[PDB]
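Visitor: Sharing query24.csv below, CSV, C-alpha atoms and all ligand atoms:
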chain,number,residue,atom,x,y,z
I,1,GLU,CA,-190.6,-18.4,-240.7
I,2,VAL,CA,-187.9,-15.7,-240.6
I,3,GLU,CA,-188.7,-12.1,-241.2
I,4,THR,CA,-186.1,-9.5,-242.0
I,5,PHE,CA,-186.5,-5.8,-241.3
I,6,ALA,CA,-184.5,-2.6,-241.9
I,7,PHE,CA,-183.5,-0.5,-238.8
I,8,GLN,CA,-184.9,3.0,-239.0
I,9,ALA,CA,-182.0,5.1,-240.6
I,10,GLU,CA,-181.2,6.9,-237.3
I,11,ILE,CA,-181.0,3.7,-235.4
I,12,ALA,CA,-178.6,2.2,-238.0
I,13,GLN,CA,-176.6,5.4,-237.8
I,14,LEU,CA,-176.5,5.2,-234.0
I,15,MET,CA,-175.4,1.6,-234.1
I,16,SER,CA,-172.6,2.5,-236.6
I,17,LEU,CA,-171.4,5.3,-234.3
I,18,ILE,CA,-171.3,2.8,-231.4
I,19,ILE,CA,-169.4,0.2,-233.5
I,20,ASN,CA,-167.1,2.7,-235.1
I,21,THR,CA,-166.3,5.3,-232.4
I,22,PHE,CA,-163.0,4.8,-230.5
I,23,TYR,CA,-164.2,4.5,-226.8
I,24,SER,CA,-162.4,2.3,-224.2
I,25,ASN,CA,-165.0,2.4,-221.4
I,26,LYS,CA,-167.0,-0.5,-222.8
I,27,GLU,CA,-168.0,-2.0,-219.5
I,28,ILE,CA,-171.1,0.3,-219.2
I,29,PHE,CA,-173.0,-2.0,-221.6
I,30,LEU,CA,-173.8,-4.2,-218.6
I,31,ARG,CA,-175.3,-1.4,-216.6
I,32,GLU,CA,-177.5,-0.3,-219.4
I,33,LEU,CA,-178.9,-3.9,-220.0
I,34,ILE,CA,-179.5,-4.4,-216.2
I,35,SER,CA,-181.3,-1.1,-216.1
I,36,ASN,CA,-183.7,-2.1,-218.9
I,37,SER,CA,-184.3,-5.4,-217.1
I,38,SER,CA,-185.1,-3.5,-213.8
I,39,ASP,CA,-187.5,-1.2,-215.7
I,40,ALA,CA,-189.2,-4.2,-217.3
I,41,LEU,CA,-189.5,-5.8,-213.8
I,42,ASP,CA,-191.0,-2.6,-212.3
I,43,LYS,CA,-193.7,-2.7,-215.0
I,44,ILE,CA,-194.7,-6.3,-214.4
I,45,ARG,CA,-194.6,-5.7,-210.6
I,46,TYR,CA,-196.9,-2.6,-211.1
I,47,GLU,CA,-199.4,-4.5,-213.3
I,48,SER,CA,-199.6,-7.4,-210.9
I,49,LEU,CA,-200.8,-5.1,-208.1
I,50,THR,CA,-204.2,-4.7,-209.8
I,51,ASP,CA,-204.1,-8.1,-211.4
I,52,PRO,CA,-202.3,-10.9,-209.6
I,53,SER,CA,-203.0,-13.3,-212.6
I,54,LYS,CA,-200.2,-11.4,-214.5
I,55,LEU,CA,-197.8,-13.5,-212.3
I,56,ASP,CA,-199.2,-16.8,-213.4
I,57,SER,CA,-196.4,-17.0,-215.9
I,58,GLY,CA,-193.9,-16.7,-213.0
I,59,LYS,CA,-193.8,-15.1,-209.6
I,60,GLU,CA,-190.1,-14.5,-209.2
I,61,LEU,CA,-188.8,-11.1,-210.1
I,62,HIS,CA,-185.1,-11.3,-210.8
I,63,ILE,CA,-182.1,-10.9,-213.2
I,64,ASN,CA,-179.7,-13.6,-214.1
I,65,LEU,CA,-176.2,-13.1,-215.6
I,66,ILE,CA,-175.0,-16.2,-217.6
I,67,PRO,CA,-171.5,-16.3,-219.0
I,68,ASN,CA,-170.4,-19.2,-221.2
I,69,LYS,CA,-166.7,-19.3,-222.3
I,70,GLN,CA,-167.3,-22.2,-224.6
I,71,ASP,CA,-170.0,-20.4,-226.7
I,72,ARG,CA,-168.4,-17.0,-226.0
I,73,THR,CA,-171.7,-15.5,-224.9
I,74,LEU,CA,-172.9,-13.4,-221.9
I,75,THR,CA,-176.6,-13.7,-221.5
I,76,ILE,CA,-178.8,-11.3,-219.3
I,77,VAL,CA,-182.0,-12.9,-218.3
I,78,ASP,CA,-184.9,-11.1,-216.6
I,79,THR,CA,-188.5,-12.1,-215.6
I,80,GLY,CA,-189.9,-8.6,-216.4
I,81,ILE,CA,-193.0,-7.8,-218.5
I,82,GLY,CA,-191.5,-8.8,-221.8
I,83,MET,CA,-192.3,-7.6,-225.2
I,84,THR,CA,-195.0,-8.5,-227.8
I,85,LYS,CA,-193.9,-9.0,-231.4
I,86,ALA,CA,-195.0,-5.4,-232.2
I,87,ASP,CA,-193.2,-4.0,-229.2
I,88,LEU,CA,-190.0,-6.0,-230.1
I,89,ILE,CA,-190.0,-4.6,-233.6
I,90,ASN,CA,-190.7,-1.0,-232.6
I,91,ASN,CA,-188.5,-1.0,-229.5
I,92,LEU,CA,-185.4,-2.4,-231.1
I,93,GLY,CA,-185.9,-1.3,-234.7
I,94,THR,CA,-187.1,2.3,-234.5
I,95,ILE,CA,-186.6,5.6,-232.6
I,96,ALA,CA,-190.0,5.0,-231.0
I,97,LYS,CA,-190.0,6.9,-227.7
I,98,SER,CA,-186.2,7.1,-227.3
I,99,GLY,CA,-183.9,10.2,-227.5
I,100,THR,CA,-181.9,8.7,-230.4
I,101,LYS,CA,-181.8,12.1,-232.1
I,102,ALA,CA,-180.8,14.0,-229.0
I,103,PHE,CA,-178.0,11.5,-228.2
I,104,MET,CA,-176.4,11.8,-231.6
I,105,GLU,CA,-176.5,15.5,-231.3
I,106,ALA,CA,-175.1,15.4,-227.8
I,107,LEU,CA,-172.1,13.3,-228.9
I,108,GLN,CA,-171.4,16.1,-231.4
I,109,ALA,CA,-171.5,18.7,-228.7
I,110,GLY,CA,-169.2,16.8,-226.2
I,111,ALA,CA,-171.3,14.1,-224.5
I,112,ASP,CA,-169.7,10.7,-224.4
I,113,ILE,CA,-170.9,7.2,-225.0
I,114,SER,CA,-171.2,6.5,-221.2
I,115,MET,CA,-174.2,8.9,-221.2
I,116,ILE,CA,-176.3,6.7,-223.6
I,117,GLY,CA,-178.7,5.6,-220.9
I,118,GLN,CA,-179.9,9.2,-220.4
I,119,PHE,CA,-181.5,9.0,-223.9
I,120,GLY,CA,-183.3,5.7,-223.7
I,121,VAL,CA,-180.9,3.9,-226.1
I,122,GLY,CA,-178.6,2.2,-223.7
I,123,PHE,CA,-179.5,-1.2,-225.3
I,124,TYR,CA,-177.3,-0.4,-228.3
I,125,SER,CA,-174.2,-0.2,-226.1
I,126,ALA,CA,-174.4,-4.0,-226.4
I,127,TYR,CA,-172.6,-3.5,-229.8
I,128,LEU,CA,-169.6,-2.1,-227.9
I,129,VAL,CA,-168.7,-5.7,-227.0
I,130,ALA,CA,-171.0,-8.0,-229.1
I,131,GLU,CA,-170.6,-8.9,-232.8
I,132,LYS,CA,-174.2,-10.2,-232.7
I,133,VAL,CA,-177.1,-9.8,-230.3
I,134,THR,CA,-180.1,-12.1,-229.9
I,135,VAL,CA,-183.1,-10.9,-227.9
I,136,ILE,CA,-185.6,-13.6,-226.8
I,137,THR,CA,-188.8,-12.3,-225.3
I,138,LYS,CA,-192.1,-13.4,-224.0
I,139,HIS,CA,-195.0,-11.1,-222.9
I,140,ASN,CA,-198.1,-12.4,-221.3
I,141,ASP,CA,-200.2,-11.2,-224.3
I,142,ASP,CA,-198.2,-12.9,-227.1
I,143,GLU,CA,-196.0,-15.8,-228.1
I,144,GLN,CA,-192.2,-16.2,-227.6
I,145,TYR,CA,-190.0,-14.4,-230.2
I,146,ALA,CA,-186.4,-14.1,-231.1
I,147,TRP,CA,-185.0,-10.8,-232.6
I,148,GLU,CA,-181.5,-10.9,-233.9
I,149,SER,CA,-179.0,-8.5,-235.4
I,150,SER,CA,-175.2,-8.3,-236.3
I,151,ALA,CA,-176.0,-4.7,-237.3
I,152,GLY,CA,-175.2,-3.9,-241.0
I,153,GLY,CA,-178.6,-2.2,-241.2
I,154,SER,CA,-181.0,-5.1,-240.6
I,155,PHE,CA,-182.4,-7.5,-238.0
I,156,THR,CA,-184.6,-10.6,-238.0
I,157,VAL,CA,-187.6,-11.8,-236.0
I,158,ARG,CA,-188.8,-15.3,-235.9
I,159,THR,CA,-190.9,-17.4,-233.5
I,160,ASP,CA,-188.9,-19.1,-230.8
I,161,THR,CA,-190.1,-22.6,-229.6
I,162,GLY,CA,-187.2,-24.8,-228.2
I,163,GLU,CA,-187.3,-23.4,-224.7
I,164,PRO,CA,-190.3,-21.4,-223.5
I,165,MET,CA,-189.3,-19.0,-220.8
I,166,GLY,CA,-192.5,-18.2,-219.0
I,167,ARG,CA,-192.3,-14.4,-219.2
I,168,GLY,CA,-189.5,-11.8,-219.7
I,169,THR,CA,-186.4,-11.1,-221.9
I,170,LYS,CA,-183.1,-12.7,-222.6
I,171,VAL,CA,-180.3,-10.7,-224.2
I,172,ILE,CA,-177.6,-13.0,-225.6
I,173,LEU,CA,-174.3,-11.2,-226.4
I,174,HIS,CA,-172.1,-13.0,-228.9
I,175,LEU,CA,-169.0,-11.3,-227.8
I,176,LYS,CA,-166.2,-10.0,-230.1
I,177,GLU,CA,-163.0,-12.0,-229.9
I,178,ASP,CA,-161.2,-9.3,-227.9
I,179,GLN,CA,-164.1,-8.8,-225.4
I,180,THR,CA,-163.9,-12.1,-223.5
I,181,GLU,CA,-163.0,-10.3,-220.2
I,182,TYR,CA,-166.7,-9.9,-219.8
I,183,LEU,CA,-167.1,-13.7,-219.2
I,184,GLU,CA,-164.7,-13.7,-216.2
I,185,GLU,CA,-166.5,-14.0,-212.8
I,186,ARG,CA,-164.2,-11.4,-211.2
I,187,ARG,CA,-164.8,-8.8,-214.1
I,188,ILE,CA,-168.6,-9.2,-214.0
I,189,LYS,CA,-168.7,-8.9,-210.2
I,190,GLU,CA,-166.6,-5.8,-210.4
I,191,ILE,CA,-168.8,-4.1,-213.0
I,192,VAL,CA,-172.0,-5.1,-211.2
I,193,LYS,CA,-170.6,-3.7,-207.9
I,194,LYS,CA,-169.4,-0.5,-209.7
I,195,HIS,CA,-172.5,0.4,-211.7
I,196,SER,CA,-175.5,-1.8,-210.6
I,197,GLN,CA,-175.2,-2.2,-206.8
I,198,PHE,CA,-178.6,-0.4,-206.1
I,199,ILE,CA,-180.8,-2.4,-208.5
I,200,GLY,CA,-183.9,-3.4,-206.5
I,201,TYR,CA,-184.1,-7.0,-207.8
I,202,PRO,CA,-181.8,-10.0,-207.1
I,203,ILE,CA,-178.9,-10.3,-209.6
I,204,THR,CA,-177.5,-13.8,-209.7
I,205,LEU,CA,-174.2,-14.5,-211.5
I,206,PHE,CA,-174.3,-18.1,-212.7
I,207,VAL,CA,-171.2,-20.3,-212.2
I,208,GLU,CA,-169.8,-22.1,-215.3
I,209,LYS,CA,-170.1,-25.9,-215.5
I,210,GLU,CA,-166.6,-26.4,-216.8
Q,301,LIG,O1,-189.7,1.2,-220.9
Q,301,LIG,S1,-189.5,0.0,-221.6
Q,301,LIG,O2,-190.5,-0.3,-222.7
Q,301,LIG,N1,-189.2,-1.3,-220.6
Q,301,LIG,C1,-189.1,-2.5,-221.0
Q,301,LIG,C2,-190.3,-3.4,-221.1
Q,301,LIG,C3,-190.1,-4.7,-221.5
Q,301,LIG,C4,-188.8,-5.2,-221.8
Q,301,LIG,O3,-188.7,-6.5,-222.2
Q,301,LIG,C5,-187.7,-4.4,-221.7
Q,301,LIG,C6,-186.4,-4.8,-222.0
Q,301,LIG,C7,-185.8,-5.8,-221.2
Q,301,LIG,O4,-186.4,-6.4,-220.1
Q,301,LIG,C8,-184.5,-6.3,-221.4
Q,301,LIG,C9,-183.7,-5.8,-222.5
Q,301,LIG,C10,-184.3,-4.8,-223.3
Q,301,LIG,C11,-183.5,-4.3,-224.4
Q,301,LIG,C12,-184.1,-3.3,-225.3
Q,301,LIG,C13,-185.4,-2.8,-225.0
Q,301,LIG,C14,-186.1,-3.3,-223.9
Q,301,LIG,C15,-185.6,-4.3,-223.1
Q,301,LIG,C16,-187.9,-3.1,-221.3
Q,301,LIG,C17,-187.9,0.3,-222.6
Q,301,LIG,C18,-188.0,0.3,-224.0
Q,301,LIG,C19,-186.8,0.6,-224.7
Q,301,LIG,CL1,-186.8,0.5,-226.5
Q,301,LIG,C20,-185.6,0.8,-224.0
Q,301,LIG,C21,-185.6,0.9,-222.7
Q,301,LIG,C22,-186.7,0.6,-221.9
Q,301,LIG,CL2,-186.5,0.7,-220.2
Starting from the coordinates I provided, produce the structure as structure tokens.

Guide:
Amino acid sequence: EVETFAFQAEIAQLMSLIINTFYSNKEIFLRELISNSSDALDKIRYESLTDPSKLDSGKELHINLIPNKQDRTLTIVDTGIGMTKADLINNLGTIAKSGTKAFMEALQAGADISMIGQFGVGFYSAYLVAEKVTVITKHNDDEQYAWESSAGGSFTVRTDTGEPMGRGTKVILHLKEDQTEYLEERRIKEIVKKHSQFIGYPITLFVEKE
């Protein structure tokens, strides 16, 4: 049912640096997640050129931002290419094809955490604002999976069946008590306008029911 894995040592070290480094400019987390979504959307768009059946799991190419003050979550949804189980475990749990090593060296030599996206590890900036991250994903060649981690060196993967998404990735950010500014409509719009105004897919900010 639930499988537990260790992060590769360098990934756990990087996460600990993000959790533990004093750094006020936390808002860049949202840019880095939107940018991974946009990348995943380019890839499905590209594939569907030579095989239009890749869109049978959904034609719309977009990014949805879903704040929920009651649950204290901000969720980033995209309809990009998604990840298989193996891709999820490698992509989130190992250095894989990222510049994890170069980033940690860079911060020692004067880079700052705002530059994390240059090294293909921008995802982990989620831990600037979230105590826990859940990544739900569905690739055309696999079943739906949920990855989850509150850091501390491990993560879990299980199958996810309540709510099939079609195709793509949802990142759910269980925000820290002091990071609820990122559920405010005004704050979200400001950050999207500041850092993500050129993304080439519709970004829809959901309104809250209460
Ligand atoms: O080039 S990618 O493989 N693109 C890609 C493909 C499918 C995906 O579902 C995603 C993706 C998303 O669509 C959304 C959030 C993600 C968070 C961490 C890693 C990948 C995410 C990104 C990739 C992989 C990694 Cl580990 C980090 C960034 C990127 Cl752009």

Visitor: Please give me, as an MDAnalysis selection string, the residues lying within 10 Å of ligand LIG 301 (chain Q) when counting all atoms listed in the file.

Guide: chainID I and resid 32:44 63 76:84 87:98 117 119:124 126 135:139 167:172

Visitor: Measuring between all atoms listed in the file, which one of I:31, I:45, I:85, I:69 shows the shortest distance to residue 158 (chain I)?

Guide: I:85

Visitor: How far is it from CA of residue 1 (chain I) to CA of residue 157 (chain I), in Å with one decimal?

Guide: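 Straight-line distance from CA of residue 1 (chain I) to CA of residue 157 (chain I) works out to 8.6 Å.
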
Visitor: As an exercise, work out the distance from CA of residue 8 (chain I) to CA of residue 154 (chain I) in Å and give it to one decimal place.

Guide: 9.1 Å

Visitor: Which neighbours of residue 57 (chain I) fall inside 9 Å, counting all atoms listed in the file, when residues of the same chain fewer than 5 positions from it are skipped, and could you give them as a ChimeraX atom specification?

Guide: /I:140,165-167

Visitor: Could you turn the residues from that selection into a file that holds C-alpha atoms, as a compact mmCIF listing (two decimals), keeping the file's coordinate frame?

Guide:
# COMPACT_ATOMS: atom_id res chain seq x y z
CA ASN I 140 -198.10 -12.40 -221.30
CA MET I 165 -189.30 -19.00 -220.80
CA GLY I 166 -192.50 -18.20 -219.00
CA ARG I 167 -192.30 -14.40 -219.20

Visitor: Which is closest to residue 71 (chain I) among I:56, I:177, I:141, I:160, if we use only C-alpha atoms?

Guide: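 With only C-alpha atoms as the atom set, the closest residue is I:177.
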